[PDB]
Every structure is written in C-alpha cells, then in structure tokens.
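Each of two forms of one protein chain follows alone as structure tokens, named structure 1 and structure 2.
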Structure 1
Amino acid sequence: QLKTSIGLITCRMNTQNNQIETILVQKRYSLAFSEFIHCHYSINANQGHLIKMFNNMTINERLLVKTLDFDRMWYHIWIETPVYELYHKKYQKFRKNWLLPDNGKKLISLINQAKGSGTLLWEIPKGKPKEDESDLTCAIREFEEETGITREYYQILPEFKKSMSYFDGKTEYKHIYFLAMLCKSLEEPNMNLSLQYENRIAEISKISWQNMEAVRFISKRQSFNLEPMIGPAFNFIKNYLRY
C-alpha cells in the first residue's frame, strides 16, 4: 500500500525580527482518538497495547470516551459531516466491542486507568492529489483548503522540491513539498480559522507562523520531526534572499 501526499512550505521574512518563518498547522484531535473511533485496534490485543492508545489521547478525548456516547465522540472528529454509512459501521463496532459485553465497564476501567496524555501534532499542510491532478496544483489547492491562503499571497519558487519516505509496516508514505515565498502581508494567519469554513477547522485547531527555533522546539516534543523538512526550505530561502 502506497499513500502519496503533497504539501506547500509557505514562508515569510518577518520584517520585525529578520527571521524566516513558515506556516504550520496544529491538529484538532490526536491520531489515537481517531484510531479508536474508527476501530483500528484489536479487542483481542490485551490490555497494555490498547492502554497505550488510550494513553496517547488527550484528556478531553478520554473524558469524551468516558461518556459512552458514541455520537458525541463522532461529532468531535466529523462535526456533522454527512458520512452516515461509515458512522453506522464504526458505531456498531464500538458497541459490539464495549457496550454489549458489559455496558461499558471494561472500557470505563481502561479509560480511568489510562495515564498521561497525547500531543496535538504540528504539521505542514498537505493532502492527496485528486484524479490526474498535477503535484503543484494539488499542493496549492490543499494549502488553500486548509489555511485559506490563496495564490494571491505567495510566489512559488519552482526549483525547490523535497521528498520524504516513511514506512509504517505495510503502508509506505511519500510526502512531497514545494516552497513558496510570501509576496503580500499576512500578519495573523490564525484568523483564517473560523467555524464557517468547515474544511479549515475539520482537522486544524491553530495556524501560526513558526521560526526555526519554534520548529526545533516542537519537533523535539512530538512524534513528527519537522526539522529535516523546514531546514532545507529555510536554507533555500536564505540563498534566494542573498541573490
């Protein structure tokens, strides 16, 4: 299985610090919460291995699970997105796993004994290309989809392209990044996040400019290491500026 995503590293020279900054987005929910809600776990894997997944949720997500109300858990991710068939299948798997055996007693025990909390990832915006869509077009479209920043605000620098490959075990993930430079003021990217734009808030809780110091700080505190991507981008930006 191969999953290819393409993203855009959009950068600014903040005229106040004389530092280079990039647009990053923070997720709204954890991968663990999603994996649990979509039944990507083994009920027959005994406790500690489902316990880590519960450990890697946020406290609020665990408090949502403790309600045993699958509709509220689902809303947390999908926000009344019309996916009824998927919802029905996942809901029946949830109640078969956790409600019919004991009306939620083992689930509540596991939720209560779970320790710690997960972290919401900072990421570069990216998504899967549409049907026979070119890579640059896909990166631009997904960037606008997630952040609301239109092509008006930036110029692509076409000689930068960075590819990264990860393996999860059976799915190979390839991530492709273009580079863009801000050509129009945009001081507060977070203000593009509004509940009237369903696709921006769908998986995003915050949009922010981040300098290299912030990129390193975040990278050393989350599973996703952003420094091998942002590093070469900022290097390219420096070379571009010195020309």
Structure 2
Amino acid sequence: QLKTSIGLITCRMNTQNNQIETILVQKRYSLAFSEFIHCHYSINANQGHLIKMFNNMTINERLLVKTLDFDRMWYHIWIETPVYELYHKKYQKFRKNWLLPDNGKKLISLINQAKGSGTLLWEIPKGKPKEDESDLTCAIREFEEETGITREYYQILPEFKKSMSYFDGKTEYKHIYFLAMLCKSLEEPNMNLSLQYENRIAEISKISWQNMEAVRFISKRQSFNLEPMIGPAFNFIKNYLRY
C-alpha cells in the first residue's frame, strides 16, 4: 500500500552565530513499546522479533512491563483517552499471551533477560492528512498540533517540497516535507509542552531548535537519518536569505 505522512521544516537564524536551526521533536515512548501493548507480534511466529521488541524498549518501559498491570502500560501511551474497545482487545490479547499460560513468568523472565536499552527518536513534526485537506494544510495543522507554534510565527516558503520514500520492511511510506521560515522571534519552543495541551504531549517529550551539527549528531545515533531533509532545507534557507 502507500502510507503517506506530511510534515513541515521550520527554521530560524539564531543571530548569536551565523547558524540556521530547525525544530525537531522527541518521542515520549518507543515504537517497540507501542508495538508491544498493541500486540504487533505473535507468540507462535517470529521469536527473533519478540526478543528485539523487548530489547529496543527503554528501561522505564520495561519496568512498566515488569508490572503486569497492563492498565499502567496502557496509560503510558494513551494517558486516559477513552478507547475501551481498543483497550479491551489489547488487554485480552495481553492476558492470553503471558497471564493465562505461565502467569507472567515467561514474560517477566523475558523482560529480565532483555539486555541494553532503546533510544527515543528525534523527528521532524509530521502527520497524516485528513480526508478533505491539501498537503500544506495537513503540514500546517500537524505542525502546531505538535508544537503550539501558530501561523503568525513563520512564513511558508512555497517553492520547497521534499519527499522521501521507504521500503526497508515491505510496504511503502512516503514522507513529504514543506519548509517554513520564522519571522516573529521564538527563543524557547520547548516551553509549549504542558500537560494541559494533552495532544502536544501525547507523543512529544521535547521540542528544540537544532543546528546542523545537532542534526548530524542525532542521526549517527538513531535509525531515522534526517540529514537528507534538513540538508536541502538549510541549503534552500541559505540561498533564500542571500536575496
């Protein structure tokens, strides 16, 4: 099939240096954890995944799994949003895998034997377009759903549009990116994260300005490499700022 996400690259010049920075966001939890409490694994096939899943969670996440209070695990991703059917499907699939048969003991054992720890991803804010939206409207909406940064702080630069496509697993994920330049100054965007706006924090743990060296530094340390999108983003910024 074709999974397609659309995001926005928002940049500024932090006047202290002659350096272009962009907004990246960090995820609160790992994919591995999310795959676990949504049961994206089988207990009859693919052992090697079951082992990788547990290893690629953070230590805190594993500690949550060691609890066996699936509700506590659910809260970590959902934070009390009401999905009962979703909940109870996953809960019963959870109950039949390690509570009925072995009473946790295989799960708990697998948790203990799990070695190392995962890494929470830095990403360009991106999302899935609503049915009646233009690409750019999705990008705008998703960008400030995720950062509180409203329209009056940036100007869309219309003639930029980059598109990565992935199939490392497999199907095809198309990632499309517009570009924005900041105008009203905004020195501390990580300050828009607050538990009262439960959708900025549903998935984000940090918002932050990142120059290029930060972009490269983070990319050496996570599977998702994001120089191919910030590289051209910043180049386009430079050529724009000249004129």
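The first residue in the sequence of structure 1 is number 1, and each one after it adds one. Only residues modelled in both forms are compared. For clarity, a rigid core is taken as the largest C-alpha set superposing within 1.5 Å between two forms.
A.B. asks: Of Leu195, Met191, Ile59, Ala45, only one moves its C-alpha by 2 angstroms or more between structure 1 and structure 2 once the rigid core is aligned, so tell me which.
C.D. replies: The displaced C-alpha is that of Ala45.
A.B. asks: Does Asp71 show a Cα shift reaching 2 Å between structure 1 and structure 2 after rigid-core superposition?
C.D. replies: No.
A.B. asks: For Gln155, decide whether the Cα shift between structure 1 and structure 2 is 2 Å or greater, given a superposition on the rigid core.
C.D. replies: After core superposition, the displacement of the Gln155 C-alpha between structure 1 and structure 2 stays below 2 Å, so no.
A.B. asks: Taking 2 Å as the cut-off, check whether the CA of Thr171 shifts that much or more between structure 1 and structure 2 after a rigid core fit.
C.D. replies: Shift at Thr171: 2 Å or more after core fit.
A.B. asks: What's the distance in angstrom the Cα of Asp132 travels between structure 1 and structure 2, core superposed?
C.D. replies: With the rigid core fitted, the alpha carbon of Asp132 is displaced 2.3 Å between structure 1 and structure 2.
A.B. asks: By how many angstrom is the CA atom of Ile237 displaced between structure 1 and structure 2 after fitting on the core?
C.D. replies: Residue shift at the C-alpha: 0.2 Å.
A.B. asks: After superposition on the rigid core, which segments of 3 or more consecutive residues show C-alpha displacements of 2 Å or more between structure 1 and structure 2?
C.D. replies: Moving regions between structure 1 and structure 2: 45 to 49, 168 to 171.
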